[PDB]
Amino acid sequence: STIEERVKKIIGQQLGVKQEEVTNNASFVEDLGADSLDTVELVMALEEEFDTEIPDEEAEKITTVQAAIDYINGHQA
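The entry's author numbering applies: residue 1 is where the sequence shown begins, and numbers increase by one.
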């Protein structure tokens with residue numbers, strides 16, 4: 001249950017996709033047509049994760065999935 005691991009999972013809960021549909025470098029506006037619940041779930045997911053409450057500004061450049069792994073990775077370092 002590595003970083004990206006749990007991450008993907010959470011992300012998979014934010015909407016309800018699989019792994020092949022939420023590939024590491026998965027998209028949102030092109031993948032999940034960018035769902036409000038997604039951008040919102042990102043503010044809660046991260047909040048329920050490490051209480052980081054991701055904004056909408058940093059979420060834009062973090063729309064993807066892998067972006068939610070590189071930012072979370074910060075947990076380690």
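Cβ coordinates follow ideal geometry from the N, Cα and C atoms, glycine included.
Inset, instruction - Return the CA-CA distance between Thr64 and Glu41, expressed in angstroms with no decimal places. - result: Straight-line spacing of the CA atoms in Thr64 and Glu41 works out to 13 Å.
Inset, instruction - Would you grab the beta carbon distance between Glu53 and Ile72 for me? Rounded to a whole angstrom, and I think it's under 8 Å. - result: With a beta-carbon spacing of about 13 Å, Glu53 and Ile72 fall beyond the 8 Å limit used to define contacts.
Legend entry - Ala67: first and last residue of the uninterrupted alpha helix (DSSP H) it sits in: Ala67 -> alpha helix (DSSP H) spans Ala67 to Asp70.
Inset, instruction - Rounded to whole angstroms, what's the CA-CA distance from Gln66 to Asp51? Just pull it up for me. - result: Their Cα atoms are separated by approximately 19 Å.
Legend entry - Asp38: first and last residue of the uninterrupted alpha helix (DSSP H) it sits in: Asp38 -> alpha helix (DSSP H) spans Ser36 to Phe50.
Legend entry - Boundaries of the alpha helix (DSSP H) in which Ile3 is found, first to last residue: From DSSP, the alpha helix (DSSP H) with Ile3 extends over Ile3 to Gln14.
Legend entry - Range of the contiguous alpha helix (DSSP H) that encloses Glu20: Membership of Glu20 in any alpha helix (DSSP H) is not indicated, and neither H nor E is assigned to it by DSSP.
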